[PDB]
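First, one chain by itself: the form deposited in one PDB entry, in structure tokens.
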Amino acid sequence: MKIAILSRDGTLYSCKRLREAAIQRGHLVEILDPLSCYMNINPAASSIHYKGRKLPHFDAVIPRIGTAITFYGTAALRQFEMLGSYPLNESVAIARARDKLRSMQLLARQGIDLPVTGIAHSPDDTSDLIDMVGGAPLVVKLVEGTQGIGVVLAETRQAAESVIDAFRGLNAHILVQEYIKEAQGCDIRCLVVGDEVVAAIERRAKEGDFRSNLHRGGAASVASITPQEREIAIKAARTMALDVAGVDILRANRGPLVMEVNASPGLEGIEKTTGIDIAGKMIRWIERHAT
């Protein structure tokens, strides 16, 4: 079947691997830059054009939508949807999942155990806000629109006060979250494809730091996750209505706490440390649901 991959870049590992795993399974594959799409929305279901030509009808389409071109990207994805394609992750689920606040809210509402987090833009009693989330030490993450630019630890009460009113009226909102010290800087990225966790790794932060992220200098090992964690990661990915999701989990004394739910997570590190054909698993899932 013919399938498109929406990604402004098609050389990076994940998009390359998807192209490869899809031709390998007997499919035709085009990689399309969203920003180079253009189409009539009115009338409904008018074809999409790409560099002077119409496009053929794609039976399915993988969105790898840049965190920064989200509105136009999801607009193009939604046109493909309205024209009949099958989305590996629907556009409205992508939109929902971008807004980290809307998502934490939806998760807590469904009884998913998250860490205790509060939110604030230009608050007026920083001491009240700190008391609200259980006091120091705390993690302050901040966000410009949907983009989060900083995650920082504050171990004292004054450090929290300083960071909060440093960001106060800075025109970005912020989350203050209980610092899971017991994680020792470790985070478990599970990768849900449809109704199963198909992979999982453990990221370990480099010494003197708490930031799990690989790029920030972290180790990546293979993770052996409890059945409880598997269950709650699938429930999370359901709650968000994602066909493909990257659920991040912190192991806290009271249990597993979801902290982030990505909707087009990177493949390279998790494949290269587990050896699982994840692109293949999601192309299977397409095959099983495409038409």
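We number the residues from 1 along the sequence you see. Residues that one form lacks are left out of the comparison. For clarity, a rigid core is taken as the largest C-alpha set superposing within 1.5 Å between two forms.
Separately, the form deposited in another entry exists; it is not shown, and the next lines address it.
With the core fitted between this form and the one not shown, just one of 97, 199, 174, 138 shows a Cα displacement of at least 2 Å, namely 174. Comparing the forms between this form and the one not shown on their rigid core, the Cα displacement of residue 279 stays under 2 Å. Relative to the superposed core, residue 18 undergoes a Cα shift of 2 Å or more between this form and the one not shown.
Relative to what is shown, residue 19 and residue 6 are farther apart in that other deposited form; their C-alpha atoms differ in spacing by at least 3 Å. Between this form and the other one, the CA-CA gap for residue 18 and residue 198 widens by 3 Å or more, being larger in that other deposited form. The rigid-core fit between this form and the one not shown yields the following 3+ residue runs with every Cα displaced by 2 Å or more: 10-25, 169-181.
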